[PDB]
Structures are given as structure tokens and as C-alpha cells.
file my_file.tsv (TSV, C-alpha atoms)
chain	number	residue	atom	x	y	z
A	1	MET	CA	5.92	7.58	11.59
A	2	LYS	CA	2.95	7.25	9.26
A	3	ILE	CA	2.49	6.65	5.49
A	4	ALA	CA	0.48	9.08	3.37
A	5	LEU	CA	-0.78	8.55	-0.17
A	6	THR	CA	-1.76	10.90	-2.95
A	7	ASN	CA	-2.35	10.35	-6.70
A	8	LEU	CA	-1.06	12.91	-9.13
A	9	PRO	CA	-0.94	13.21	-12.91
A	10	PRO	CA	2.39	11.73	-14.06
A	11	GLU	CA	4.52	14.78	-14.66
A	12	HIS	CA	3.37	16.62	-11.58
A	13	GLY	CA	3.96	13.49	-9.53
A	14	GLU	CA	7.69	13.32	-9.99
A	15	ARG	CA	8.15	17.06	-9.62
A	16	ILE	CA	6.12	17.27	-6.36
A	17	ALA	CA	7.76	14.15	-4.89
A	18	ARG	CA	11.20	15.78	-5.47
A	19	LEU	CA	10.07	19.02	-3.86
A	20	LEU	CA	8.70	17.29	-0.73
A	21	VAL	CA	12.06	15.59	-0.24
A	22	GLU	CA	14.17	18.66	-1.04
A	23	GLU	CA	12.19	20.65	1.51
A	24	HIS	CA	12.44	17.82	4.11
A	25	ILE	CA	8.75	17.59	4.39
A	26	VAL	CA	9.04	13.81	3.99
A	27	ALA	CA	11.95	11.48	4.39
A	28	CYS	CA	11.18	9.22	1.37
A	29	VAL	CA	8.64	9.03	-1.50
A	30	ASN	CA	7.94	5.87	-3.47
A	31	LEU	CA	6.31	6.51	-6.86
A	32	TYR	CA	4.25	3.83	-8.65
A	33	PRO	CA	2.37	4.36	-11.92
A	34	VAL	CA	-1.30	3.48	-11.55
A	35	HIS	CA	-4.50	3.19	-13.51
A	36	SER	CA	-7.22	4.96	-11.40
A	37	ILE	CA	-10.88	4.47	-11.94
A	38	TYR	CA	-13.19	6.71	-9.91
A	39	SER	CA	-16.51	8.41	-9.60
A	40	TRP	CA	-16.68	12.15	-10.06
A	41	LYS	CA	-19.94	14.14	-10.34
A	42	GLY	CA	-21.87	11.39	-12.06
A	43	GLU	CA	-19.01	10.37	-14.32
A	44	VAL	CA	-16.70	7.42	-14.21
A	45	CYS	CA	-13.18	8.63	-14.75
A	46	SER	CA	-10.35	6.41	-16.01
A	47	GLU	CA	-6.90	8.00	-15.69
A	48	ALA	CA	-3.16	7.56	-15.79
A	49	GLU	CA	-1.73	8.69	-12.50
A	50	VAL	CA	1.20	8.09	-10.26
A	51	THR	CA	0.82	7.14	-6.59
A	52	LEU	CA	3.12	8.88	-4.12
A	53	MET	CA	3.65	6.75	-1.03
A	54	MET	CA	5.22	9.22	1.45
A	55	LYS	CA	7.00	8.26	4.65
A	56	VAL	CA	6.86	10.98	7.24
A	57	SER	CA	7.10	11.44	11.01
A	58	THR	CA	3.83	11.44	12.82
A	59	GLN	CA	4.44	14.98	13.97
A	60	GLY	CA	5.11	16.12	10.39
A	61	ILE	CA	1.83	14.81	8.96
A	62	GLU	CA	0.05	18.16	9.23
A	63	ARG	CA	2.84	20.02	7.45
A	64	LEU	CA	2.79	17.40	4.65
A	65	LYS	CA	-0.99	17.72	4.30
A	66	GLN	CA	-0.75	21.52	4.06
A	67	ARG	CA	2.07	21.38	1.46
A	68	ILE	CA	0.24	18.76	-0.61
A	69	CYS	CA	-2.79	21.10	-0.66
A	70	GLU	CA	-0.62	24.06	-1.72
A	71	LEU	CA	1.01	22.11	-4.58
A	72	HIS	CA	-1.69	19.69	-5.80
A	73	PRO	CA	-3.14	20.56	-9.18
A	74	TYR	CA	-6.58	18.95	-8.50
A	75	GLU	CA	-9.50	20.84	-6.99
A	76	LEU	CA	-9.92	17.93	-4.59
A	77	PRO	CA	-6.67	16.29	-3.92
A	78	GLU	CA	-6.32	12.75	-2.54
A	79	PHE	CA	-4.54	12.70	0.84
A	80	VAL	CA	-4.95	9.49	2.82
A	81	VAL	CA	-2.93	8.59	5.89
A	82	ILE	CA	-2.34	4.94	6.66
A	83	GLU	CA	-1.57	3.76	10.17
A	84	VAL	CA	1.83	2.25	10.86
A	85	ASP	CA	2.55	-0.24	13.60
A	86	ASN	CA	5.51	1.70	15.05
A	87	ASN	CA	6.45	-1.02	17.54
A	88	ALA	CA	6.54	-3.82	15.05
A	89	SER	CA	8.48	-1.70	12.49
A	90	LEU	CA	12.26	-1.42	12.59
A	91	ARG	CA	13.03	1.22	15.21
A	92	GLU	CA	16.23	2.53	13.48
A	93	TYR	CA	14.11	3.09	10.34
A	94	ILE	CA	11.37	5.02	12.19
A	95	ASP	CA	14.07	7.12	13.80
A	96	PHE	CA	15.60	7.83	10.34
A	97	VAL	CA	12.21	8.98	9.10
A	98	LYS	CA	11.79	11.19	12.18
A	99	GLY	CA	15.27	12.70	11.74
A	100	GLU	CA	14.87	13.57	8.03
A	101	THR	CA	11.48	15.23	8.65
A	102	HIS	CA	12.88	18.60	9.91
B	1	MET	CA	-2.04	-10.69	10.32
B	2	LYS	CA	-0.10	-7.60	9.32
B	3	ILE	CA	1.48	-6.21	6.14
B	4	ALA	CA	5.15	-5.28	6.16
B	5	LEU	CA	6.95	-3.26	3.48
B	6	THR	CA	10.54	-3.01	2.49
B	7	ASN	CA	12.28	-1.55	-0.62
B	8	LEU	CA	15.15	-3.45	-2.16
B	9	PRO	CA	17.39	-2.98	-5.19
B	10	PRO	CA	15.92	-4.97	-8.09
B	11	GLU	CA	19.15	-7.25	-8.04
B	12	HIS	CA	17.94	-8.58	-4.55
B	13	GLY	CA	14.20	-7.98	-4.26
B	14	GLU	CA	13.03	-11.00	-6.24
B	15	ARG	CA	15.63	-13.27	-4.61
B	16	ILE	CA	14.70	-12.23	-1.06
B	17	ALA	CA	10.94	-12.37	-1.70
B	18	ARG	CA	11.35	-15.98	-2.90
B	19	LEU	CA	13.49	-16.95	0.05
B	20	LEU	CA	10.98	-15.59	2.55
B	21	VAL	CA	8.21	-17.66	0.98
B	22	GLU	CA	10.33	-20.81	0.58
B	23	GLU	CA	11.33	-20.61	4.25
B	24	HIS	CA	7.70	-19.95	5.34
B	25	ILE	CA	8.64	-16.72	6.98
B	26	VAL	CA	5.78	-15.05	5.10
B	27	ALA	CA	2.71	-16.46	3.39
B	28	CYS	CA	2.74	-14.14	0.30
B	29	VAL	CA	4.87	-11.33	-1.14
B	30	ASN	CA	3.67	-8.85	-3.72
B	31	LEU	CA	6.51	-7.16	-5.67
B	32	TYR	CA	6.00	-3.75	-7.41
B	33	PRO	CA	8.82	-1.86	-9.21
B	34	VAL	CA	9.18	1.64	-7.82
B	35	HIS	CA	11.03	4.90	-8.31
B	36	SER	CA	12.22	6.03	-4.87
B	37	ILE	CA	13.26	9.55	-4.12
B	38	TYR	CA	14.71	10.07	-0.63
B	39	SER	CA	16.82	12.15	1.64
B	40	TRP	CA	20.16	10.66	2.66
B	41	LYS	CA	23.07	12.39	4.43
B	42	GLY	CA	22.41	15.80	2.92
B	43	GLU	CA	21.57	14.47	-0.56
B	44	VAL	CA	18.46	13.72	-2.56
B	45	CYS	CA	18.75	10.20	-3.96
B	46	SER	CA	16.74	8.90	-6.91
B	47	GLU	CA	16.78	5.09	-7.32
B	48	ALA	CA	15.22	2.08	-9.03
B	49	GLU	CA	13.86	-0.26	-6.39
B	50	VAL	CA	11.24	-2.92	-5.84
B	51	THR	CA	8.72	-2.74	-3.06
B	52	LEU	CA	8.00	-6.06	-1.21
B	53	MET	CA	4.56	-6.07	0.38
B	54	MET	CA	4.76	-9.05	2.70
B	55	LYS	CA	1.75	-10.76	4.33
B	56	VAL	CA	2.53	-12.46	7.56
B	57	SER	CA	0.84	-13.54	10.80
B	58	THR	CA	1.01	-11.03	13.64
B	59	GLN	CA	2.99	-13.45	15.66
B	60	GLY	CA	5.52	-13.99	12.83
B	61	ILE	CA	6.30	-10.27	12.38
B	62	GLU	CA	9.35	-10.41	14.62
B	63	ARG	CA	10.86	-13.38	12.80
B	64	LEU	CA	10.28	-11.56	9.51
B	65	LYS	CA	11.92	-8.45	10.80
B	66	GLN	CA	14.97	-10.41	11.91
B	67	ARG	CA	15.27	-12.25	8.57
B	68	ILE	CA	14.91	-9.02	6.57
B	69	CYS	CA	17.71	-7.45	8.59
B	70	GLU	CA	19.92	-10.50	8.03
B	71	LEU	CA	19.34	-10.38	4.25
B	72	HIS	CA	18.94	-6.70	3.46
B	73	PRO	CA	21.85	-5.16	1.57
B	74	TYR	CA	21.34	-1.60	2.87
B	75	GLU	CA	23.01	-0.19	5.99
B	76	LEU	CA	19.57	1.04	7.03
B	77	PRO	CA	16.83	-1.20	5.71
B	78	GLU	CA	13.27	-0.09	5.40
B	79	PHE	CA	10.92	-2.25	7.44
B	80	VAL	CA	7.53	-0.68	7.98
B	81	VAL	CA	4.57	-2.55	9.35
B	82	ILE	CA	1.14	-1.35	8.34
B	83	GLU	CA	-1.88	-1.90	10.61
B	84	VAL	CA	-4.47	-4.33	9.30
B	85	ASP	CA	-8.02	-4.23	10.42
B	86	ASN	CA	-8.31	-7.98	11.16
B	87	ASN	CA	-12.08	-7.81	11.82
B	88	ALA	CA	-12.90	-6.11	8.58
B	89	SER	CA	-10.53	-8.27	6.50
B	90	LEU	CA	-11.66	-11.66	5.23
B	91	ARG	CA	-11.19	-14.17	8.00
B	92	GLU	CA	-10.45	-17.16	5.67
B	93	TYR	CA	-7.63	-15.11	4.18
B	94	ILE	CA	-6.20	-14.17	7.58
B	95	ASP	CA	-6.34	-17.86	8.57
B	96	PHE	CA	-4.52	-18.83	5.37
B	97	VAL	CA	-1.78	-16.34	6.14
B	98	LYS	CA	-1.49	-17.62	9.72
B	99	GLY	CA	-1.34	-21.27	8.54
B	100	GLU	CA	1.46	-20.71	6.05
B	101	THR	CA	3.66	-18.75	8.53
B	102	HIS	CA	5.77	-21.24	10.61
B	103	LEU	CA	6.52	-19.67	14.07
B	104	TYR	CA	9.98	-21.04	15.02
C	1	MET	CA	-13.00	5.72	5.12
C	2	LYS	CA	-10.72	2.69	4.81
C	3	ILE	CA	-8.50	1.14	2.15
C	4	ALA	CA	-8.98	-2.47	1.07
C	5	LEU	CA	-6.66	-4.57	-1.03
C	6	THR	CA	-7.20	-7.60	-3.19
C	7	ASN	CA	-5.07	-9.31	-5.91
C	8	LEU	CA	-6.71	-10.55	-9.04
C	9	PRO	CA	-5.60	-12.18	-12.30
C	10	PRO	CA	-5.09	-9.59	-14.90
C	11	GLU	CA	-7.97	-11.03	-17.08
C	12	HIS	CA	-10.43	-10.01	-14.18
C	13	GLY	CA	-8.82	-7.16	-12.24
C	14	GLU	CA	-9.77	-4.31	-14.59
C	15	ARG	CA	-13.31	-5.72	-15.09
C	16	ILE	CA	-13.98	-6.04	-11.38
C	17	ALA	CA	-12.47	-2.63	-10.57
C	18	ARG	CA	-14.78	-1.01	-13.11
C	19	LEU	CA	-17.81	-2.86	-11.79
C	20	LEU	CA	-17.13	-1.80	-8.21
C	21	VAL	CA	-16.95	1.85	-9.26
C	22	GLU	CA	-19.98	1.67	-11.59
C	23	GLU	CA	-22.06	0.10	-8.82
C	24	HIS	CA	-20.76	2.70	-6.30
C	25	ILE	CA	-19.48	-0.03	-4.05
C	26	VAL	CA	-16.24	1.94	-3.92
C	27	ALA	CA	-15.38	5.55	-4.70
C	28	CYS	CA	-12.02	4.88	-6.36
C	29	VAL	CA	-9.82	1.92	-7.26
C	30	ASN	CA	-6.14	2.16	-8.08
C	31	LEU	CA	-4.76	-0.79	-10.11
C	32	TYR	CA	-1.07	-1.83	-10.07
C	33	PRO	CA	0.39	-4.86	-11.84
C	34	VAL	CA	2.27	-7.04	-9.42
C	35	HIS	CA	4.40	-10.14	-9.25
C	36	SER	CA	3.05	-12.38	-6.42
C	37	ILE	CA	5.01	-15.14	-4.85
C	38	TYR	CA	3.08	-17.30	-2.36
C	39	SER	CA	2.82	-20.55	-0.48
C	40	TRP	CA	0.02	-22.94	-1.53
C	41	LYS	CA	-0.42	-26.56	-0.39
C	42	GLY	CA	3.31	-27.23	-0.08
C	43	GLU	CA	4.25	-25.41	-3.31
C	44	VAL	CA	5.74	-21.98	-4.02
C	45	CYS	CA	3.63	-20.20	-6.63
C	46	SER	CA	4.81	-17.32	-8.81
C	47	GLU	CA	2.01	-15.39	-10.60
C	48	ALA	CA	1.17	-12.24	-12.61
C	49	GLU	CA	-1.58	-10.39	-10.85
C	50	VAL	CA	-3.01	-6.92	-10.44
C	51	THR	CA	-3.47	-5.28	-7.02
C	52	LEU	CA	-6.70	-3.33	-6.51
C	53	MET	CA	-6.37	-0.64	-3.85
C	54	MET	CA	-9.94	0.30	-3.10
C	55	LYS	CA	-11.09	3.44	-1.32
C	56	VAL	CA	-14.36	2.98	0.36
C	57	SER	CA	-16.39	4.46	3.22
C	58	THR	CA	-16.14	2.71	6.54
C	59	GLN	CA	-19.79	1.88	6.48
C	60	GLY	CA	-19.49	0.32	2.98
C	61	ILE	CA	-16.64	-2.06	3.89
C	62	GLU	CA	-18.98	-5.00	4.56
C	63	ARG	CA	-20.84	-4.63	1.28
C	64	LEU	CA	-17.45	-4.42	-0.53
C	65	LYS	CA	-16.20	-7.59	1.18
C	66	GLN	CA	-19.34	-9.47	0.14
C	67	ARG	CA	-19.14	-8.23	-3.46
C	68	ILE	CA	-15.50	-9.18	-3.69
C	69	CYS	CA	-16.37	-12.72	-2.48
C	70	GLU	CA	-19.16	-12.95	-5.09
C	71	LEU	CA	-16.90	-11.85	-7.94
C	72	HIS	CA	-13.45	-13.18	-7.07
C	73	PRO	CA	-12.20	-16.02	-9.29
C	74	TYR	CA	-9.84	-17.59	-6.74
C	75	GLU	CA	-10.90	-20.33	-4.39
C	76	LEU	CA	-9.45	-18.23	-1.60
C	77	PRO	CA	-9.67	-14.58	-2.34
C	78	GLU	CA	-7.51	-11.93	-0.74
C	79	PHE	CA	-9.35	-9.13	1.06
C	80	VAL	CA	-7.27	-7.10	3.48
C	81	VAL	CA	-8.40	-3.83	5.05
C	82	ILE	CA	-5.72	-1.39	6.09
C	83	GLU	CA	-6.39	1.19	8.78
C	84	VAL	CA	-6.78	4.83	7.69
C	85	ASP	CA	-6.07	7.65	10.05
C	86	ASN	CA	-9.28	9.61	9.21
C	87	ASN	CA	-8.34	12.62	11.36
C	88	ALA	CA	-4.92	13.08	9.70
C	89	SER	CA	-6.33	12.54	6.20
C	90	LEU	CA	-7.85	15.39	4.21
C	91	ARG	CA	-11.40	15.83	5.36
C	92	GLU	CA	-12.74	16.89	1.92
C	93	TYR	CA	-11.25	13.75	0.45
C	94	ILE	CA	-12.78	11.43	3.07
C	95	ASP	CA	-16.15	13.16	2.46
C	96	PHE	CA	-15.76	12.56	-1.26
C	97	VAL	CA	-15.11	8.86	-0.64
C	98	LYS	CA	-18.16	8.66	1.68
C	99	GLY	CA	-20.39	10.41	-0.87
C	100	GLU	CA	-19.44	8.16	-3.79
C	101	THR	CA	-19.94	4.96	-1.77
C	102	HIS	CA	-23.65	3.93	-1.97
C	103	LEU	CA	-24.93	1.33	0.60
C	104	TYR	CA	-28.51	1.46	-0.78
call {"tool": "encode", "arguments": {"input": "my_file.tsv", "output": "C-alpha cells"}}
result
Amino acid sequence: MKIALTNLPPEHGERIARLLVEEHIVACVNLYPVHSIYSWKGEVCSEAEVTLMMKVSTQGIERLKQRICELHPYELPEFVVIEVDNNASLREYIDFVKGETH
Amino acid sequence: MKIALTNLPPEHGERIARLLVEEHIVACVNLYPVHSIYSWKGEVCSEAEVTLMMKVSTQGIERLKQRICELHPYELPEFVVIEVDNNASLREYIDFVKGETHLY
Amino acid sequence: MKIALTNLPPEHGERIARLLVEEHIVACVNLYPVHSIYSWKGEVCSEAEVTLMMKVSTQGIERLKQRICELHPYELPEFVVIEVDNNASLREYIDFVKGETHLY
């Protein structure tokens, strides 16, 4: 499995999370409100967002990335994949994540 | 060192985080409240949880895993280990983590 | 790119995050309040902190680490780098992060 992250404006965040799960694109999404500060075209932006932390099979990462790009309201969406130590993780959990990612 | 994550109901998250630190199974736990949406046995579940981000020596990961499974209320607990770049991380911090984690 | 994490007291977290972005030492920081429980010199400590999740180019990681050590108010600052799968991540996003991180 791997973990992927995106930041979304708050309303879109909850809606898109639900859709990724309903479509079995991801097994689980954890949503955290965040304050994001970032550079964009010579401006410093300070925004209310929500972080989606998405748990998905390794094989399903491409499908997630494509669906995120279809749904994401931003011209340049965040999509960052974090490496999981699959051996050290609980094997029954990684299998669950694999099984729910259709 | 590595980082391990689990989600727990808020009734248990704070208690278990404390116990892991008191028993020197982990050096440090960060707790974040979270809304979790997940697929379970044909249903979409929407729950209040707390995420434990646990910092532990690489060698102590197995002991952590075992203790999480003993304590976790869920039939299928989340236990996901994230890869740390030990070279790029601050060595003094990695050594702190290692020193607080007791191996047996 | 990589992701780096540090925890700061809330009276410094927002200030440092803003500085790191203004100076182009990172492209983006996400800030999350956290409850930290940790082991320190035989005591269990329970603190209010803020986690900074910093997105930075791979080549700017060293400069970030140094800047964090200059600014951090703890005697032993946290700085943990988590491994990003750059190929699986969105290429346009990783290019954005690279472009907004200035080494010089």
C-alpha cells in the first residue's frame, strides 16, 4: 500500500473524500483541517484547507492520481505519495487496503 | 527511526498514546483529531477518530506493532509504518528517539 | 521533492512557517495543532504544539534542516524527513515545489 496526500478547500474536501471511498478508489481517507501557507506566482497565499490522507493499494495509485485530477478544483492540484514500509506495517491491514481498492 | 500511524476512537487514543510513552515503547506520540471516511463490509463509514503518529526506533517497530495489537479496540487495527529518510533527518533527533525506546 | 516534519510551540510555529515560505526555503507548509506526549529525562511530557509539514525540493532539504536548527526554540528540535515517491506523485506538483524552493 502507499499513502497519498492532497489539500482541498473545505467543502470540496469532504465531498471528494466520500466519492473516492464510494467508488473504491481508496480504502480509507483521513481528513484534517489545515492552515496552508504557500508560494504561488510571486504571492504568499494563506488558506483554510483540509488535508486528505488516502490509503490505497500500490497498484491503485495511478487510478487515484487520475481521479484526483478529474475532480480537483485547483488548476494545479497537490498529489504527493508517501512511501510505506509494507513489511513493518501490519500485514492484515495492508491486505484490507488492497482488498477494498477494487 | 520510523514513524508509525494508527487511528483510534477518541475514548482510547489519548489513553493508549500515554501508555506507549510511559512504557518506553515509543519516544513521542503526536495526536491529531480526524474525520475518517472508509469502506467496511459493503458500507461507507464516517467516524470521529484520533490519529497517533508514533516515533520509534527502527529496531523497536516490532514491539510497537505487538503492543498496538494488544491494546487496539478494533477487530482490524490500522498500523502503517512510513519510511523515514534517516540521512536527511536530524541525527540528534534520531538518536533521541533511539535512546528513549527500550528494546526488550 | 520530500516532506519534512517538525513540531513547534504554537507561539513560534506560524511565525516560522511564514518565514520559511517568504524566504523560499520551502514551497508550502501545512500547519496542524497537535497534542504531543513524549519522554524527556525520565519524565512524561504532555504539550500543545503545532506540526509543520513542509514541502520542499530534494536539493533544498539541507538548507531547510539548517534553517530549522537556527530558528527552532527547543534544545532538541524535531526534524524528520519522510520519503516521497516522486514517480507516483503528480509531476506538475513536484515541479511546482522545485520551482518555489530557492537554494540561492
call {"tool": "residues_near_point", "arguments": {"input": "my_file.tsv", "point": "(10.8, 14.2, 9.9)", "cutoff": "10 Å", "atoms": "only C-alpha atoms", "output": "count of residues only"}}
result
22
call {"tool": "closest_atom_pairs", "arguments": {"input": "my_file.tsv", "of": "chain B", "to": "chain C", "cutoff": "6 Å", "atoms": "all atoms listed in the file", "output": "JSON lines"}}
result
{"residue": "B:27", "atom": "CA", "partner": "C:39", "partner_atom": "CA", "distance": 5.6}
{"residue": "B:28", "atom": "CA", "partner": "C:38", "partner_atom": "CA", "distance": 4.1}
{"residue": "B:29", "atom": "CA", "partner": "C:37", "partner_atom": "CA", "distance": 5.3}
{"residue": "B:30", "atom": "CA", "partner": "C:36", "partner_atom": "CA", "distance": 4.5}
{"residue": "B:31", "atom": "CA", "partner": "C:35", "partner_atom": "CA", "distance": 5.1}
{"residue": "B:32", "atom": "CA", "partner": "C:34", "partner_atom": "CA", "distance": 5.4}
{"residue": "B:83", "atom": "CA", "partner": "C:83", "partner_atom": "CA", "distance": 5.8}
{"residue": "B:84", "atom": "CA", "partner": "C:82", "partner_atom": "CA", "distance": 4.5}
{"residue": "B:85", "atom": "CA", "partner": "C:81", "partner_atom": "CA", "distance": 5.4}
{"residue": "B:89", "atom": "CA", "partner": "C:80", "partner_atom": "CA", "distance": 4.6}
{"residue": "B:90", "atom": "CA", "partner": "C:79", "partner_atom": "CA", "distance": 5.4}
{"residue": "B:93", "atom": "CA", "partner": "C:78", "partner_atom": "CA", "distance": 5.9}
call {"tool": "atom_distance", "arguments": {"input": "my_file.tsv", "atom1": "CA of residue 19 (chain B)", "atom2": "CA of residue 93 (chain A)"}}
result
22.5 Å
call {"tool": "atom_distance", "arguments": {"input": "my_file.tsv", "atom1": "CA of residue 21 (chain B)", "atom2": "CA of residue 70 (chain C)"}}
result
28.4 Å
call {"tool": "closest_residue", "arguments": {"input": "my_file.tsv", "among": "A:50, A:65, A:44, A:83", "to": "residue 23 (chain C)", "atoms": "all atoms listed in the file"}}
result
A:44
call {"tool": "calpha_fit_rmsd", "arguments": {"input": "my_file.tsv", "fixed": "chain B", "moving": "chain C"}}
result
0.3 Å
call {"tool": "atom_distance", "arguments": {"input": "my_file.tsv", "atom1": "CA of residue 49 (chain A)", "atom2": "CA of residue 9 (chain A)"}}
result
4.6 Å
call {"tool": "axis_aligned_box", "arguments": {"input": "my_file.tsv", "around": "region 92-104 of chain C", "padding_each_side": "8 Å", "output": "AutoDock Vina command-line options"}}
result
--center_x -19.9 --center_y 9.1 --center_z -0.4 --size_x 33.3 --size_y 31.6 --size_z 22.9
call {"tool": "interface_residues", "arguments": {"input": "my_file.tsv", "of": "chain A", "to": "chain B", "cutoff": "7 Å", "atoms": "all atoms listed in the file", "output": "CSV table (one decimal) with C-alpha atoms, keeping the file's coordinate frame"}}
result
chain,number,residue,atom,x,y,z
A,18,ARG,CA,11.2,15.8,-5.5
A,21,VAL,CA,12.1,15.6,-0.2
A,22,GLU,CA,14.2,18.7,-1.0
A,27,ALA,CA,12.0,11.5,4.4
A,28,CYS,CA,11.2,9.2,1.4
A,29,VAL,CA,8.6,9.0,-1.5
A,30,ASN,CA,7.9,5.9,-3.5
A,31,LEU,CA,6.3,6.5,-6.9
A,32,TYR,CA,4.2,3.8,-8.6
A,83,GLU,CA,-1.6,3.8,10.2
A,84,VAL,CA,1.8,2.2,10.9
A,85,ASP,CA,2.6,-0.2,13.6
A,88,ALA,CA,6.5,-3.8,15.0
A,89,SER,CA,8.5,-1.7,12.5
A,90,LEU,CA,12.3,-1.4,12.6
A,93,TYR,CA,14.1,3.1,10.3
A,100,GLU,CA,14.9,13.6,8.0
call {"tool": "residues_around", "arguments": {"input": "my_file.tsv", "residues": "residue 103 (chain B)", "least_positions_apart": "6", "cutoff": "9 Å", "atoms": "all atoms listed in the file", "output": "PDB file with C-alpha atoms, in the frame of the given file"}}
result
ATOM      1  CA  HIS B  24       7.700 -19.950   5.340  1.00  0.00           C
ATOM      2  CA  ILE B  25       8.640 -16.720   6.980  1.00  0.00           C
ATOM      3  CA  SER B  57       0.840 -13.540  10.800  1.00  0.00           C
ATOM      4  CA  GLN B  59       2.990 -13.450  15.660  1.00  0.00           C
ATOM      5  CA  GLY B  60       5.520 -13.990  12.830  1.00  0.00           C
ATOM      6  CA  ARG B  63      10.860 -13.380  12.800  1.00  0.00           C
TER       7      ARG B  63
END
call {"tool": "residues_near_point", "arguments": {"input": "my_file.tsv", "point": "(-8.1, 11.3, -1.6)", "cutoff": "8 Å", "atoms": "all atoms listed in the file", "output": "list in words"}}
result
residues 5, 6, 7, 76, 77, 78, 79 and 80 of chain A; 90, 93, 94, 96 and 97 of chain C
call {"tool": "write_last_selection", "arguments": {"input": "my_file.tsv", "atoms": "C-alpha atoms", "output": "compact mmCIF listing (two decimals), in the coordinates of the input"}}
result
# COMPACT_ATOMS: atom_id res chain seq x y z
CA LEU A 5 -0.78 8.55 -0.17
CA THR A 6 -1.76 10.90 -2.95
CA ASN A 7 -2.35 10.35 -6.70
CA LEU A 76 -9.92 17.93 -4.59
CA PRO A 77 -6.67 16.29 -3.92
CA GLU A 78 -6.32 12.75 -2.54
CA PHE A 79 -4.54 12.70 0.84
CA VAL A 80 -4.95 9.49 2.82
CA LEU C 90 -7.85 15.39 4.21
CA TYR C 93 -11.25 13.75 0.45
CA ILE C 94 -12.78 11.43 3.07
CA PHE C 96 -15.76 12.56 -1.26
CA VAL C 97 -15.11 8.86 -0.64
call {"tool": "closest_residue", "arguments": {"input": "my_file.tsv", "among": "A:10, A:91, A:4, A:16", "to": "residue 71 (chain A)", "atoms": "all atoms listed in the file"}}
result
A:16
